[PDB]
């Protein structure tokens, strides 16, 4: 139903900022909860944040809360990830996901993206 493609990655200096975007081409974008995951080199996928179908209630991970924001525009079928005060430890491939539930389980998300490289 939904395809996902991410953009906005690249090299930034420590303490920089990068707003990631995830464009979706599907039928009912509004009826899908979204999330962002990240996979550091030599490590499994790590939960970053999730967001409600409306966009009002978001939830982030203990390691990015206060520095990262997840937002969505349901009129443009896009969900963005604000990245602030970036660290060398944030260097990883960031993934975009969609599903029915607002969760931290990578298995509950059905439609996934390709990933965009971010290097700090």
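Numbering follows the first chain given and starts at 1.
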item	value
Third of chain Cα B-factors occupied by residue 48	highest
Chain-relative CA temperature factor third for residue 62	highest
Third of chain Cα B-factors occupied by residue 80	lowest
Third of the chain, ranked by Cα B-factor, where residue 25 sits	highest
Residue 93 CA temperature factor, ranked by third within the chain	lowest
